[PDB]
Amino acid sequence: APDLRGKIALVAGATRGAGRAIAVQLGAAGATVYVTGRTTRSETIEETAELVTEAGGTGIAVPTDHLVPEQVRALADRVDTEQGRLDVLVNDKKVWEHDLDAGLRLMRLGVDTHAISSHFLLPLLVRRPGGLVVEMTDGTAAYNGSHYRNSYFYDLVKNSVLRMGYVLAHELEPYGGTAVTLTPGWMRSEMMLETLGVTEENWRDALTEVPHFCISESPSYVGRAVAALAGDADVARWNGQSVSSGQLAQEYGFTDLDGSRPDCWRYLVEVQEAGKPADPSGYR
Amino acid sequence: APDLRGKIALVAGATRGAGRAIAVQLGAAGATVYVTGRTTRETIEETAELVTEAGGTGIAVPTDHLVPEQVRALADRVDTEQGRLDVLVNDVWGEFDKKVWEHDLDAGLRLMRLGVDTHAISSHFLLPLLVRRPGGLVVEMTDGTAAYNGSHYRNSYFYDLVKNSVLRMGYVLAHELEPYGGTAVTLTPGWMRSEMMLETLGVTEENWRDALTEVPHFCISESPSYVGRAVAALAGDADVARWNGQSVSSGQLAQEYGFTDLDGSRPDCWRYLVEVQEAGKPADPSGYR
């Protein structure tokens, strides 16, 4: 397990989902984790901060509207003020049938938030060599390169975030910084679980409803992937790359909480898209 | 030369640059071209007038492509006047030395909205008429090919994201159009001798090589009409669907279709940049145009 004691991390959008689990596993590795989000006081950013500390780290919730630049500027001044450093930064319809106002808003919320974040927080990170940026997305470059993702606006956002890691990787290298774009697999998120009417303790009950859900992973999986990167002294070998939680589980050797290693994106192509029946053998 | 007589085309953002040159070469191939832009009476009307003299029909529709109501009215007009849309070209566009945190943020966000949102609004309102019948063609204009951009950082954070988003737009639209018999590609010009480029170097088109002393690698440049002839070759290709979803360049299509620039050459900008300029070799167009 990575020893991240003394490290300063910030997870933008950590109220729920991968962001919370990422912040929590960073705290479990011993880091101080700034966690941001709009929903305040549990399904709150404060609850996220409390989970980071409970895990053995220090979680500091900073409520932020990441589309409001002055709020992200204030966020960046705060980490500098309190810490003086930042080691890890974590960020059915045709196009003409889709609702246009929603699609444009989706692209602004999914892309502009990352750009505003990098503009204000990257100066502190490149202040010393060794900083790491992880841009979170849905899918790998290899998968998204040959697959349309759900909708026009969704697809554009997720592939923009893929490019953001390549772009930042070129901008950060002269400072000794690293940027990657990371995706989870099929997450057993709090939202996903309630949608299937199950708890984490009894998640395979849903396999009758969704048989291919047998490849799913807990949110802590991609959280341990980030911790492995932030603890990697030669993490710069990944600079500019698109990576997945399952790919990094094979490289670093961590497991999900249940000890398995789901490999979602190979399963989707070789089994599910291949017309084969749901069968996790050899994929977790 | 392609015979596009009877074809109805629309070029979004056709006041100048590739968009004007594309609209003109479509009219020279016989098309009726709707040309849009904000700049009216170096105007969109001038673009329409140039389409007509070239042997076609240019119809200027001043449009703010960031205002959906205006783009919807534009789409209703083509249906009202023509009832069909065969070719749609998207060329709507809005700090080369700066990091994302050094760049001006408000400008960068405005750059991404003007360069990405305008294309999405355009596809939302105009694609229904285009997919009404098979054989429609969508051309999303960009800077660079997927092969080049995949291994090259492009100018700035915001610029890079915009141009690579439009590349993805061609792939995405290719999936949405296939059941309708429609085709989408993303096309880039080379280094265009645009009106802006020519004035920046203090030259005219008639004497453009005078600039080689100050910019030697400009020897690979092309006139705007080159990429215009690439669009016309696609729109005239009965088997254009073989390109569906692909990223293409003006020089690559010159090799495939056999057209030339106005001066009879075939600049291959993106191979030249990698094999000569980025390789440290001196500027020498031999074998690249």
Side-chain angles (χ1 to χ4, degrees), chain A residues 1-12 22-23 25-27 29-34 57 72-73 75-91 114-137 141 161-182 222-243 247-248 251-252, chain B residues 95-103 105 108 150-161 278:
Chain A
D3 186 357
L4 301 182
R5 296 183 217 115
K7 297 290 181 141
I8 305 300
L10 188 147
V11 181
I22 287 162
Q25 288 303 307
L26 288 173
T32 296
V33 186
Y34 287 82
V72 186
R73 181 202 54 77
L75 169 67
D77 292 339
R78 162 162 194 161
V79 179
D80 193 9
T81 295
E82 292 179 329
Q83 314 293 342
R85 60 188 185 287
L86 179 62
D87 299 294
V88 179
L89 175 59
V90 183
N91 279 329
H114 290 236
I116 296 166
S117 170
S118 293
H119 174 81
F120 284 114
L121 290 160
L122 284 185
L124 183 55
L125 185 133
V126 301
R127 198 178 285 176
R128 302 189 301 273
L132 172 67
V133 174
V134 187
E135 295 283 339
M136 298 300 300
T137 195
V161 176
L162 278 173
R163 184 64 181 181
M164 281 176 350
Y166 184 79
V167 169
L168 289 181
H170 187 261
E171 298 198 359
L172 298 184
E173 215 282 327
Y175 295 107
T178 303
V180 307
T181 307
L182 171 64
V222 71
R224 296 187 165 173
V226 181
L229 298 166
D232 186 0
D234 192 25
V235 70
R237 65 199 165 106
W238 296 112
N239 196 37
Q241 295 188 33
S242 162
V243 290
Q247 164 195 16
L248 297 184
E251 173 80 18
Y252 285 95
Chain B
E95 322 198 66
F96 120 100
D97 46 329
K98 295 239 286 188
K99 315 281 192 178
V100 64
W101 63 87
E102 304 172 317
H103 207 283
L105 178 56
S151 59
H152 291 88
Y153 171 91
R154 303 306 315 279
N155 295 340
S156 87
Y157 174 104
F158 307 94
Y159 186 93
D160 183 298
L161 287 195
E278 293 165 22

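Below, each value reflects all heavy atoms present in this structure, side chains not excepted, and no hydrogens, waters or symmetry copies. Residue numbers start from 1 in every chain, and the chains themselves are labelled A, B, ... in the order their sequence lines are given, proteins ahead of strands.
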**Report entry** Of all pairs that satisfy salt bridge (charged side-chain N to carboxylate O under 4.0 Å, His left out), the ones with a partner from residues 121-130 of chain A, not counting sequence neighbours
**Finding:**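 Qualifying pairs, neighbours excluded: A:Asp80-A:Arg127, A:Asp87-A:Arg128.
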Query raised in the report: Partners of A:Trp238 by side-chain hydrogen bond (donor to acceptor under 3.5 Å, both in side chains), sequence neighbours excluded?
Result: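 In terms of side-chain hydrogen bond (donor to acceptor under 3.5 Å, both in side chains), with neighbours along the sequence ignored, A:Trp238 is linked to A:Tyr252.
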Do [X] and [Y] have side-chain atoms, one donor and one acceptor, less than 3.5 Å apart?
{"X": "A:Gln241", "Y": "A:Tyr166", "value": "no"}
{"X": "A:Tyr34", "Y": "A:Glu82", "value": "yes"}
{"X": "A:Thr178", "Y": "A:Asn239", "value": "no"}
{"X": "B:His152", "Y": "B:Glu278", "value": "yes"}

Query - A:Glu135/A:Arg163 ion pair, N-O < 4.0 Å - result: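 Salt bridge absent between A:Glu135 and A:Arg163.
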Any idea which heavy atoms bring [X] and [Y] closest together, and the distance?
{"X": "A:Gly231", "Y": "A:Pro2", "value": "CA-CB, 4.1 Å"}
{"X": "A:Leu86", "Y": "A:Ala9", "value": "CD1-C, 4.2 Å"}
{"X": "A:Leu172", "Y": "A:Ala179", "value": "CD1-CB, 4.1 Å"}
{"X": "A:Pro123", "Y": "A:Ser118", "value": "CD-O, 4.3 Å"}
{"X": "B:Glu95", "Y": "B:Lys98", "value": "OE1-CE, 3.1 Å"}
{"X": "A:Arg5", "Y": "A:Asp3", "value": "NH1-OD2, 2.8 Å"}

Report task. Tell me, with the steps shown, if B:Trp101 and A:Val126 meet side chain to side chain contact (heavy atoms under 4.5 Å, CB included). Result -> CA-CA 11 Å; B:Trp101 63 87; A:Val126 301; 4.0 Å; yes
Report yes if the side chains of [X] and [Y] come closer than 4.5 Å at any heavy-atom pair, otherwise no.
{"X": "A:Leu26", "Y": "A:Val11", "answer": "yes"}
{"X": "A:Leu229", "Y": "A:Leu132", "answer": "yes"}
{"X": "A:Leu122", "Y": "A:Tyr175", "answer": "no"}
{"X": "A:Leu168", "Y": "A:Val180", "answer": "no"}
{"X": "A:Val226", "Y": "A:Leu182", "answer": "yes"}
{"X": "A:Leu248", "Y": "A:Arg224", "answer": "no"}
{"X": "A:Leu75", "Y": "A:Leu10", "answer": "yes"}

Requested in this report: With side chain to side chain contact (heavy atoms under 4.5 Å, CB included) as the test, would you mind laying out the steps for A:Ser117 and A:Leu89 before giving the verdict?
Outcome: CA-CA 9 Å; A:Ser117 170; A:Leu89 175 59; 4.2 Å; yes
[Y] backbone acceptor or donor facing [X] side chain under 3.5 Å:
{"X": "A:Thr181", "Y": "A:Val161", "value": "yes"}
{"X": "B:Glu102", "Y": "B:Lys99", "value": "yes"}
{"X": "A:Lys7", "Y": "A:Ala31", "value": "no"}
{"X": "A:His119", "Y": "B:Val100", "value": "yes"}

**Report entry** Crowding at NE2, A:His170 (>12 non-hydrogen neighbours, <6.0 Å)
**Finding:**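 No - once you tally the heavy atoms of other residues, nucleotides and ligands closer than 6.0 Å, there are 12 at most.
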Query raised in the report: Do A:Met164 and B:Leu161 pass the side chain to side chain contact (heavy atoms under 4.5 Å, CB included) test, and can you show the C-alpha distance, the side-chain angles, and the key distance before you say yes or no?
Result: CA-CA 7 Å; A:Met164 281 176 350; B:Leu161 287 195; 3.8 Å; yes
Query raised in the report: Rounded to the nearest 0.5 Å, what separation is found between the CZ atom of A:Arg73 and the CZ atom of A:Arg78?
Result: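 Between atom CZ of A:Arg73 and atom CZ of A:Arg78 there are 13.0 Å.
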**Report entry** Separation of A:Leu121 CG from A:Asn91 CG (nearest 0.5 Å)
**Finding:**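 Going from CG on A:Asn91 over to CG on A:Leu121, the span is 8.0 Å.
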Query raised in the report: Considering residues at least two apart in sequence or located in another chain, which fulfil the ring pair (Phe, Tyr, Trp, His ring centres under 6.0 Å) criterion with B:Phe158?
Result: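 With neighbours one apart ignored, the set is B:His103.
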